[PDB]
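In the block that follows, a single chain appears as structure tokens, in the form deposited in one PDB entry.
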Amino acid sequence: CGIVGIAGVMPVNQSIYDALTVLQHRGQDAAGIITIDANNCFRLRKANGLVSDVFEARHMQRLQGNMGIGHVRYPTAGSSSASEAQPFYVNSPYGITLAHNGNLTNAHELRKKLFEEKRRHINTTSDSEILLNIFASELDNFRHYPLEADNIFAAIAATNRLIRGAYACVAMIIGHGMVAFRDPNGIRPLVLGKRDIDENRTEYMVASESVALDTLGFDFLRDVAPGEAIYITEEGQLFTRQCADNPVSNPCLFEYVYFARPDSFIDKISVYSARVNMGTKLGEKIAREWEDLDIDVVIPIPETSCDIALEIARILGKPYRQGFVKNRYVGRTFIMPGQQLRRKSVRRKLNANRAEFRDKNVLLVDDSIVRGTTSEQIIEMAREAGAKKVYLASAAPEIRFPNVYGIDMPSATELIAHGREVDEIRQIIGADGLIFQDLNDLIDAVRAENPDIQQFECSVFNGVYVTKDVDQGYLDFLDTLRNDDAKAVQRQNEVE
């Protein structure tokens, strides 16, 4: 998921729209924009689909005001395609809306506590609504009006004490302004920017990645610190505060591997440079451990791995060639009566340049291996194109554990690397050779760009969950949400 918040001095609807379009890679299932208009009323538009589909002209005239937030959704457990999208809002106290990228590992406990202690009903299975109501709950304790910046930060600190997990948040409070905060482990990305209009008026904005600042012409200020809260008033004043105890920087490693855009700077690390480094480490590991193998060419599985594969081919002194081409437009397969629905995917997504594989030992480079069924089909494509020996290299280490911090991933039993050594995986997907990035090499590659980062969020690779509340009972709660997600999507399909 991706989030945007613009506290400006002129209409922000188009800017939020433009900022979401450059974060569209963080989620293409749904989109939502909400603004505070001249009467201090939320104005909202959200629906399923791409940003360019969700917001028509008639919806943009509705989104009046100089302050607003936006959200694009990646389908996760609890926030399915058939579900209501973000942002949510409650009308008491004062009026609050919130957009969220991440996941709360104690969502179930929080929902119970909200109902019993506050009689606050949660109408969806999205943990973002829960986070919103916790925050609204803590804000309701203050009776005097208006709230002071210290009240709002106090409410944010109380929230960080109650909730566990990973979250980058932006929110608005009618009559006050815009806030943004980050989990105490700094897992999910969030950056702050500004744009000076004159010596009196300055606009601010936050976003999941710096590219959203670049595209609008905002000067980059800094990443929002772990546990830090940003508050920008309706007049245009910026306040900050540390709202967590023992904050630490444990940025998500997956952001650098493939999820974030290469032209972004997350916690002072160029995603592009990090990915080039990954290819250096992986190319070095390959030259060391596959010295005896005959590799004719290095070919990337586009698009994420093109720069990584270029560096590997350099380390190995081997040619780089564009053997696979990814179609920019995919298109849907229709549920067809009296027509065969036996087509296998991946042929839509990718195509093979037949001349680049014929009678060659090829080294394919992909960003990661999850289920392996996709990887199998890519290797099959190479063989059908004429490749003899087909070797596969993964920019990421083996993916053995589910992510519970905002990155949608299948359960452990669906991960091919779960409970298997490398050779088993190789034999299953049909490769002649298979190699994975060493986790220490991946850490070094990203850590090289910012040595201040001591540890990263590596749960999917090593099973170490930094929040320390991931047990089998919690994993079962998520599999329940996924069961209900499938039933809601299925019922929509029948009705169409």
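Throughout, rigid core stands for the largest set of C-alpha atoms superposing within 1.5 Å between the two forms. Each residue number is its position in the shown sequence, starting from 1.
We do not show the form deposited in another entry, though everything after this point is about it.
Asks: Tell me whether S83 is among the residues that move between this form and the one not shown (Cα shift of 2 angstroms or more, core superposed).
Replies: Yes, its C-alpha moves 2 Å or more.
Asks: Determine, after fitting the two forms on their core, whether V346 shows a C-alpha shift of 2 Å or more between this form and the one not shown.
Replies: True for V346: a C-alpha shift of 2 Å or more.
Asks: If I superpose the two forms on their rigid core, does the C-alpha of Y145 end up displaced by 2 Å or more between this form and the one not shown?
Replies: The answer is no; the displacement is under 2 Å.
Asks: Between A486 and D29, do the C-alpha atoms lie closer or farther in that other deposited form than in the shown form, with a difference of 3 angstroms or more?
Replies: Farther is correct, given that in that other deposited form the C-alpha spacing of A486 to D29 is increased by at least 3 Å.
Asks: Your call: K326 and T333 CA atoms, closer or farther in that other deposited form versus the shown structure, by 3 Å or more?
Replies: Relative to the displayed form, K326 and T333 draw closer in that other deposited form - a change of at least 3 Å between their C-alphas.
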